[PDB]
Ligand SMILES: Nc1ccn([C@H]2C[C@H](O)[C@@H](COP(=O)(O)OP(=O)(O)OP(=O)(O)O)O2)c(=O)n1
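Coming up is one lone chain in structure tokens, specifically the form deposited without 2'-deoxycytidine-5'-triphosphate.
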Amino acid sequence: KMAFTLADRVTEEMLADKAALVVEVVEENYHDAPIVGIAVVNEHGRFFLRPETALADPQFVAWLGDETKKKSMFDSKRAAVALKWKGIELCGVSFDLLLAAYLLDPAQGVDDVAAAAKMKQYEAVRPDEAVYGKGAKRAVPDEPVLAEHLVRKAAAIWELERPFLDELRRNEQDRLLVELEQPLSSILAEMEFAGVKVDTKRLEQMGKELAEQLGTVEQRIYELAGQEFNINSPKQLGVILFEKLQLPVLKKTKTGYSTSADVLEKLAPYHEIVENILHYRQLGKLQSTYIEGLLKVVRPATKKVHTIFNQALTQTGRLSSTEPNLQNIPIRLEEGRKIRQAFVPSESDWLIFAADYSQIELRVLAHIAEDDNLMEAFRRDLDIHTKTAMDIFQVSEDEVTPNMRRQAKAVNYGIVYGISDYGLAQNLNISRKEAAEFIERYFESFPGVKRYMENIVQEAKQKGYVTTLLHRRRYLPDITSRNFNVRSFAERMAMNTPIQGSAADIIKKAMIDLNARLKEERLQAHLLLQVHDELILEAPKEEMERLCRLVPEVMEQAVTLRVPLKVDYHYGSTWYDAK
């Protein structure tokens, strides 16, 4: 049905100043991945181009990098990064259908053009999986079949842009797309392609020493159990703990006895073996994931790892990080924290600079709930995580250990996001009565927060969705469910999503503002990672003084709230030192 030219060479009419553009990368991980085909749809017609041809054509390369030639795409970051690996700069992306779909409804989980097309009853395009196949069968089809698919995807983007933009505008999300998510996409592309350098010699030595330690811990566990078994098997472990050793069963799941960390910690008064097992499972994860798993994805010639920041995945507007995940590198225990010594600057005489928003979601909550006491506290520049810790453990601001503040931080966020007396009791291993009391007092100190949380649940029931500061939405169709469990989970999403999502809006805006400030001040410094409310950069050592002023300022000023935003920062020779 759909006519298109299977071109042998680039022509002028393919180089119009507005086009839908498909630069096709089949591999899920697009770093240094093949570009298999290109499609262009514009006012002059529909074109398929072979990448060997087009990417070596100086005019097409020129067009790609010409910011005044506007392109509409789906997942422009994937294309931009794949092109960077081919030594080509992509500019002028003015519409991204993936990001537009994501903003309209994140629950749709849109991850191909066909799925976004479904949102407007557009059915003249196939899903990628149908065309390429799955798993071991995944392959690029015969050229005519490939060309039609890419053209159909380009035609879809061409026809769907206006309908999607119209609906975003109706929702007050058009700027959220064009001014926030789309510019962020190009920044994330830069960060991913840059990568982070790894000290493989240090990491390999850590791994050798870890293997030795695991063996020792392992044997000690076998001695304590009176038996060899697979400690990494919750099934086998459950038999040892609850049948052989006859320890109390505190919890079961659908598969059998729970051996969760929470459960094992509570069993410590019964048998010392549970502490050893908890240590073993920590060590085993360090080895499998942060030594072996990490070394697996290091590019050997540059020693860099290149994460992918998924910008259209989370239901709240956060990013996630995959292959590897660099947003869950250990920090809480010194043993694991040492992994961060293996993440180093990519040039000699450069340093790692890390900045972190202080009490971020509590500040956002203060602004949104308009809780006068919480607002007062932050205008007063107080630390609410520390105050809660003194309350919980009997101590004062002097005797608050970093571990103390950590445990208290979990209690603060637990309570505002709706933890029960049961959950708080199980968490601090205190009586349910004491836990209930603590929650009651908390909401007495911050009654605006309590009111806000009651009101936001009711609003969500009336409207069917909640919204963030920059107009991001999450729909919650389950929130009027007659079923208690289903309804209760949805109510808690109403309590959390606006706060976590507004905090995401803020750091996203901060990243955009920060790059504009780095370019104008012509600094060599550049972003490496985002970790939800943290930005990690690397820079020549000479730029540290300028960053110490620049970075906190830009982050604190990204939005203006009813309370101040506050950023902490550190720098050093490795990520570990940036503390």
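Quick note: we count residues from 1 along the sequence shown, nothing fancier.
This next part talks about the form deposited with 2'-deoxycytidine-5'-triphosphate bound, which is not shown.
Of the stretches 237-245, 159-167, 468-476, 142-150, only 468-476 has residues with a heavy atom within 4.5 Å of 2'-deoxycytidine-5'-triphosphate in the bound PDB entry.
Note on the partner interface in the bound PDB entry: the residue among 316, 388, 173, 185 having a heavy atom within 4.5 angstroms of 2'-deoxycytidine-5'-triphosphate is 173. Contacts with 2'-deoxycytidine-5'-triphosphate in the bound PDB entry, taken as any heavy atom within 4.5 Å, map to no residue of 43-63.
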